[PDB]
């Protein structure tokens, strides 16, 4: 079944200017970019988007990281898109990420890890609606 999921290219990978390499990792693996925008997240936006982590020690650092520079946000469409996005992303620890994943290639550390992707069908709907209106999605 065809799904839609959010991807965020974090300020580290934007700062490395590897947006295109990451985009090609999706495009060459059966996912299509159907919405996209570059954005400077506010503190409130980073805090709300990651509110699920608000009581964890890494939260303050994560919000600082995610507001420290611009991000590239896109909706990816394709079969099994939620789990396929996460497979292409790889494990958060770059040492453990499988060869050929985005984090294997571009992540600095388990915290500075290049990409976010929605982790479930429900979470993809919420995250897409957080950053996009439906009218911002462009069917092919």
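Residue numbers count along the first chain shown, from 1.
Asks: Taking only the CA atoms, which stretch has the higher mean B-factor in the record, 7-15 or 117-125?
Replies: That would be 117-125.
Asks: Out of 66-74 and 43-51, which stretch has the higher average CA B-factor listed in the record?
Replies: Higher of the two, by average CA B-factor, is 43-51.
Asks: Among the candidates 60, 36, 112, 81, give the one with the maximum CA B-factor reported in the record.
Replies: Among 60, 36, 112, 81, the highest C-alpha B-factor in the entry belongs to 81.
Asks: Is the Cα B-factor recorded for residue 104 in the lowest, middle or highest third of its chain?
Replies: Middle third by C-alpha B-factor.
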